[PDB]
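Asks: So that we are looking at the same thing, I have put the structure below in structure tokens.
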Amino acid sequence: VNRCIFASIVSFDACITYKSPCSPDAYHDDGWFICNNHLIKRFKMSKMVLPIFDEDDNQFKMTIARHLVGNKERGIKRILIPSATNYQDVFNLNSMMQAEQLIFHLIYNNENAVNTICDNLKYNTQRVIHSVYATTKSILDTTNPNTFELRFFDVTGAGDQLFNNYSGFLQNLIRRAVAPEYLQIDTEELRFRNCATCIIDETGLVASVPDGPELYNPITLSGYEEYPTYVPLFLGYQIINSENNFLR
Amino acid sequence: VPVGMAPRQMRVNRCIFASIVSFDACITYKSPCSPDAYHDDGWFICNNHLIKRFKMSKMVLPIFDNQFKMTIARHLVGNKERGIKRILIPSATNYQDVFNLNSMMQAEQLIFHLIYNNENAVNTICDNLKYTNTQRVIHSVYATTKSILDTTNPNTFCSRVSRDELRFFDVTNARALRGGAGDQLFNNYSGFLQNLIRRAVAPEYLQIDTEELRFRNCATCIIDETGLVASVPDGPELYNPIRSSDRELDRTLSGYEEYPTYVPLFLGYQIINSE
Amino acid sequence: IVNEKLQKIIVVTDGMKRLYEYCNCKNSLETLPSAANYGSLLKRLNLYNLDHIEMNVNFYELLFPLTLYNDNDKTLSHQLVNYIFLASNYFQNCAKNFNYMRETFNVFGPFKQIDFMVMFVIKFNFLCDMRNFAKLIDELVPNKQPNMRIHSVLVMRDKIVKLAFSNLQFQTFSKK
Amino acid sequence: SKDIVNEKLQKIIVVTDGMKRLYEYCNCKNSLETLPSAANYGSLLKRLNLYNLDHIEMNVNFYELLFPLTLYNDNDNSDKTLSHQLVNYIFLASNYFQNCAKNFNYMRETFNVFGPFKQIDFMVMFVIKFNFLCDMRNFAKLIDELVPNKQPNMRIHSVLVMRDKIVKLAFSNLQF
Ligand SMILES: [Zn+2]
Ligand SMILES: [Zn+2]
């Protein structure tokens with residue numbers, strides 16, 4: 001048992017390829033709905049976590065993603081998560097399988113393209129595509145808040161509005177990857193970064209910084225430990241409500 | 001029964017405070033030194049003394065395919081620390097205040113005086129230790145400390161320190177007024193002090209000929225009259241979970257190359273070129 | 001002539017401020033020029049065609065005269081370097097977001113010469129900051145016989161600024 | 001936009017026509033074949049000495065100087081050798097500027113022989129730029145007034161970018 005968006009791509013056709021490129025972390029039932037391979041190859045991110053402190057013995061592994069975008073990328077190459085207006089542009093819809101194209105159309109609310117592809121693929125393909133629909137929609141609904149913590153991405157609300165514009169799965173992905181520079185722990189505000197490492201805009205999520213050049217991010221002191229050079233994603237201001245050390 | 005061949009060559013402790021010894025011949029003492037002091041690295045202080053006195057711990061930043069790993073230190077100043085607590089490295093004008101010299105070994109007091117010049121106090125201590133064996137300890141401590149100081153001594157030659165690099169750690173905050181002066185004070189800073197600052201504080205940007213690599217878009221520490229201050233330039237201090245020295249969610253979250261919780265030292269541009 | 005450049009810079013800046021009836025040196029800047037400050041400047045500029053506008057600043061030579069000041073005493077030795085890095089970052093941001101700058105300024109009363117206007121406001125704001133710095137250092141005496149070793153940093157930052165302007169120019173030209 | 005660039009092209013033609021007689025030089029026989037020599041400007045150097053020459057930029061905006069020429073009716077689909085000729089022209093201009101920058105000192109001694117005056121540091125660059133602009137005028141004569149409002153050409157723009165980067169770096173390297 002595992003979980004991976006785009007792993008629902010069943011061989012509906014006999015056209016191009018499929019081999020199930022799914023990282024083993026899909027079995028890890030984390031808060032993510034996507035595994036490392038898919039995350040890396042569709043958003044230029046790497047899954048990561050972060051402990052906090054043992055003052056109150058919390059040390060919670062805060063979820064966070066790693067930038068995979070160097071300082072030479074521009075525009076599309078720097079966009080991490082595209083908006084519904086640009087996901088089609090950034091993604092080579094002609095390269096990925098029609099199953100993944102359908103997944104993108106659904107997650108970005110492009111049911112017109114969804115039905116177009118369904119009709120085209122009808123000429124067992126239809127039932128396999130319906131199975132893909134079932135899996136993708138189940139994942140989307142699970143992520144969707146609309147069913148049976150003031151993580152502002154603008155206060156450190158246009159940015160929060162854009163995040164809301166994103167779908168349930170997309171919003172979950174954004175909140176899992178991005179990490180607010182500020183986190184309140186129920187009436188104690190803690191700052192963890194003095195600066196941002198990403199920006200949310202109309203195009204979507206961009207591995208950019210407020211000012212200056214882009215953070216450098218490439219792909220005999222043996223007697224000392226190391227500090228990672230990559231840039232984790234950081235943006236926003238989150239407030240934890242009236243709740244205890246909710247290690248649940 | 002007894003066995004011996006000849007005098008032997010062994011390792012060298014490179015931290016200044018390793019020379020700390022009780023002025024007593026009748027009362028033995030051994031300073032606590034981390035084995036790292038025996039690495040032929042720029043660090044002329046061992047991790048133990050560094051954490052104990054400057055509230056700093058050694059770290060490596062492996063910048064890279066052309067990987068040129070470089071040294072760096074990190075904060076150990078708590079989030080709630082304020083004022084004098086925030087002075088990560090005191091200046092010569094305040095080191096006496098920051099360090100309770102009265103409560104520490106007189107050898108250590110002399111060492112700190114040497115680091116911050118204070119030749120008057122140095123001479124007073126030497127006279128006191130002479131007019132009382134103790135002269136031998138004078139010789140040992142002062143010779144070792146002065147040797148290390150002259151070795152650092154960036155503003156000389158024959159010392160193997162100056163790389164002709166033009167790091168500007170006084171680089172403007174971009175919102176302060178015409179100012180800085182951190183490098184002015186640096187010029188005044190002792191040679192060992194300057195080298196320690198260089199090694200510990202990594203530059204925000206690395207400038208190579210026509211290449212500028214960005215590693216931290218906001219400095220984590222500042223330099224002022226008091227010395228090195230572990231203060232966020234823009235106000236609200238970063239959270240620092242001091243752990244040592246001085247649940248089911250995590251179990252679910254298996255290892256994911258968890259990012260460190262520390263706050264390394266980032267400040268300035270480091271300028272190196274082929275010319 | 002190794003010293004007349006500074007005084008001529010002062011004089012030409014004064015004459016240009018006269019010509020375009022604008023000397024708003026008060027709004028010192030360190031983030032990005034904005035129509036919120038230079039809207040009236042845009043209107044004044046619209047009076048005369050801005051043909052003589054360059055896609056570069058010649059960073060090195062532009063800031064070279066500031067070195068002439070005597071700093072025997074240090075103040076300038078560090079304030080000038082601070083200014084060099086500040087100018088480098090300022091031009092970096094200006095070139096990086098020139099499209100954003102120009103959409104903003106155009107939204108402020110669209111001008112047929114919008115690109116000229118944005119470039120001129122960048123130049124004018126930089127000149128205002130430079131003149132303020134020059135007043136800060138008016139006490140020191142400019143003269144030749146230089147030996148700095150920081151003009152190497154000036155050269156490096158000038159190369160960076162030139163490359164930034166180069167990318168900007170490539171974008172503008174390639175986008176038809 | 002590119003209409004302003006067409007205006008720039010016409011303006012540079014007319015302004016060359018203007019100064020070549022305001023200062024009556026038109027050393028219009030020379031070209032970019034190689035490094036220029038003071039032997040062809042002696043009298044022109046004398047006339048230059050009549051003016052203070054510090055009002056000149058160390059670097060050359062090779063980008064903005066040459067971009068207007070890129071606007072031409074390449075859609076005629078009759079002379080692609082015209083575009084290739086433009087590529088040759090721009091590349092040779094870049095080489096000319098690079099050699100001028102590399103041997104700028106050598107030209108400094110040349111013009112020390114010819115009119116040993118303090119303004120030689122600017123006279124060298126003025127000779128360089130004026131000979132270049134005479135070559136530009138001749139090239140304009142060669143080409144036809146087929147300038148469109150807008151025209152994209154990725155290859156030409158890329159050549160411009162890569163050659164001018166070298167040009168700007170070389171000019172920046174002129175330390176002092
Ligand atoms: Zn997977
Ligand atoms: Zn030690």
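To be explicit about the labels: the chains of the structure tokens are called A, B, and onward in the order shown, and within each one the residues are counted from 1, while ligands get numbers from 1 in the order they are shown.
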Show me which bits of chain C are within 12 Å of chain A, counting only C-alpha atoms, as a compact mmCIF listing (two decimals) with C-alpha atoms, in the first residue's frame.

Replies:
# COMPACT_ATOMS: atom_id res chain seq x y z
CA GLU C 30 17.71 51.64 -1.97
CA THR C 31 15.05 49.17 -3.22
CA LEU C 32 13.49 50.20 -6.54
CA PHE C 85 28.03 47.35 -3.34
CA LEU C 86 24.79 49.28 -2.86
CA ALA C 87 24.94 50.60 -6.42
CA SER C 88 25.72 47.11 -7.70
CA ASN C 89 22.65 45.66 -5.99
CA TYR C 90 20.48 48.62 -7.01
CA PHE C 91 21.36 48.21 -10.68
CA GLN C 92 20.94 44.45 -10.37
CA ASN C 93 17.37 44.91 -9.15
CA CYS C 94 16.62 47.67 -11.66
CA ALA C 95 17.71 45.57 -14.64
CA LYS C 96 16.14 42.41 -13.22
CA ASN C 97 12.73 44.08 -12.81
CA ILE C 160 28.50 42.56 -13.03
CA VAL C 161 26.39 45.66 -13.71
CA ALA C 164 23.00 42.79 -15.97
CA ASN C 167 20.69 40.74 -20.20
CA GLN C 171 15.37 40.91 -23.38

Asks: To test your reading of the structure, identify every residue in region 26-174 of chain D that backbone DSSP assigns to alpha helix (DSSP H), and report it as a VMD selection string.

Replies: chain D and resid 42 to 49 62 to 66 80 to 102 104 to 113 120 to 142 154 to 172

Asks: Show me which residues are within 10 Å of ligand 1 counting only C-alpha atoms and all ligand atoms, and format the list as a PyMOL selection string.

Replies: chain A and resi 2-8+20-27+33-39

Asks: Using only C-alpha atoms, please write the residues we just selected to a file, as a JSON list (two decimals), in the first residue's frame.

Replies:
[["chain", "number", "residue", "atom", "x", "y", "z"],
["A", 2, "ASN", "CA", 1.39, 3.38, -1.08],
["A", 3, "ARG", "CA", 0.25, 6.81, -2.24],
["A", 4, "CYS", "CA", 1.53, 8.71, -5.27],
["A", 5, "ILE", "CA", -0.19, 11.15, -7.59],
["A", 6, "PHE", "CA", 0.49, 10.19, -11.23],
["A", 7, "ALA", "CA", 1.16, 6.63, -10.04],
["A", 8, "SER", "CA", -2.49, 5.99, -10.96],
["A", 20, "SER", "CA", 5.53, 3.23, -12.79],
["A", 21, "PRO", "CA", 8.27, 5.78, -11.93],
["A", 22, "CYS", "CA", 7.33, 6.06, -8.26],
["A", 23, "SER", "CA", 9.76, 6.68, -5.42],
["A", 24, "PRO", "CA", 9.52, 4.20, -2.51],
["A", 25, "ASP", "CA", 8.50, 7.02, -0.16],
["A", 26, "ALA", "CA", 5.01, 6.73, -1.66],
["A", 27, "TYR", "CA", 4.62, 3.88, 0.83],
["A", 33, "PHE", "CA", 0.02, 12.98, -1.52],
["A", 34, "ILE", "CA", 3.01, 12.72, -3.89],
["A", 35, "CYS", "CA", 6.30, 10.85, -3.65],
["A", 36, "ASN", "CA", 9.87, 11.98, -4.24],
["A", 37, "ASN", "CA", 10.22, 10.98, -7.90],
["A", 38, "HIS", "CA", 7.04, 12.72, -9.03],
["A", 39, "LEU", "CA", 7.67, 15.76, -6.85]]

Asks: Should the cut-off be 12 Å, what would the residue list for chain B against chain D look like, counting only C-alpha atoms, as a PyMOL selection string?

Replies: chain B and resi 209-210+275

Asks: Those residues you just picked out, can you put them in a file as a CSV table (one decimal), in the first residue's frame with N, CA and C atoms?

Replies:
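Final output, result_11.csv:
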chain,number,residue,atom,x,y,z
B,209,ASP,N,35.7,36.5,-9.9
B,209,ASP,CA,35.9,37.2,-11.2
B,209,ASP,C,34.7,37.9,-11.6
B,210,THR,N,33.8,37.2,-12.5
B,210,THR,CA,32.6,37.8,-12.9
B,210,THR,C,31.4,37.0,-12.5
B,275,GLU,N,43.2,38.1,-11.0
B,275,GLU,CA,44.2,39.2,-11.0
B,275,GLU,C,45.0,39.2,-9.7

Asks: Write as an MDAnalysis selection string the residues around ligand 2, taking 8 Å as the cut-off and counting only C-alpha atoms and all ligand atoms.

Replies: chainID B and resid 13:18 31:37 45:49

Asks: Separation of CA of residue 86 (chain A) and CA of residue 115 (chain A), in Å?

Replies: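 Straight-line distance from CA of residue 86 (chain A) to CA of residue 115 (chain A) works out to 19.8 Å.
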
Asks: Hey, which of A:247, A:200, A:179, A:1 ends up closest to residue 58 (chain A)? Count only C-alpha atoms.

Replies: A:247

Asks: Tell me, counting only C-alpha atoms, for each residue of chain A within 8 Å of chain B, which pair of atoms is nearest and how far apart they are in Å to one decimal, in rows ordered by chain and increasing number, as CSV.

Replies:
residue,atom,partner,partner_atom,distance
A:28,CA,B:252,CA,7.8
A:29,CA,B:252,CA,7.6
A:30,CA,B:253,CA,6.5
A:47,CA,B:256,CA,6.5
A:48,CA,B:256,CA,4.7
A:49,CA,B:258,CA,4.6
A:50,CA,B:258,CA,5.0
A:51,CA,B:261,CA,6.6
A:52,CA,B:261,CA,6.4
A:53,CA,B:241,CA,5.2
A:54,CA,B:243,CA,7.0
A:55,CA,B:241,CA,7.3
A:58,CA,B:247,CA,7.2
A:59,CA,B:247,CA,7.7
A:60,CA,B:250,CA,5.9
A:61,CA,B:250,CA,5.5
A:190,CA,B:239,CA,5.8
A:191,CA,B:238,CA,4.7
A:192,CA,B:238,CA,5.0
A:193,CA,B:238,CA,6.3
A:194,CA,B:218,CA,6.2
A:195,CA,B:218,CA,5.9
A:209,CA,B:217,CA,7.6
A:211,CA,B:217,CA,8.0
A:212,CA,B:217,CA,7.6
A:213,CA,B:214,CA,6.8
A:214,CA,B:214,CA,6.6
A:215,CA,B:214,CA,4.7
A:216,CA,B:214,CA,4.9
A:218,CA,B:64,CA,7.0
A:220,CA,B:69,CA,7.6
A:221,CA,B:60,CA,7.1
A:223,CA,B:36,CA,6.6
A:224,CA,B:59,CA,6.1
A:225,CA,B:59,CA,5.8
A:226,CA,B:60,CA,4.6
A:227,CA,B:61,CA,5.4
A:228,CA,B:61,CA,7.0
A:229,CA,B:63,CA,6.6
A:247,CA,B:247,CA,5.6
A:248,CA,B:249,CA,6.3

Asks: Between C:23, C:2, C:11, C:55, which one has atoms that come closest to residue 168 (chain C), using only C-alpha atoms?

Replies: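 Once distances to residue 168 (chain C) are computed over only C-alpha atoms, the minimum belongs to C:55.
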
Asks: What separation in Å, quoted to one decimal, exists between CA of residue 5 (chain D) and CA of residue 91 (chain D)?

Replies: 20.7 Å
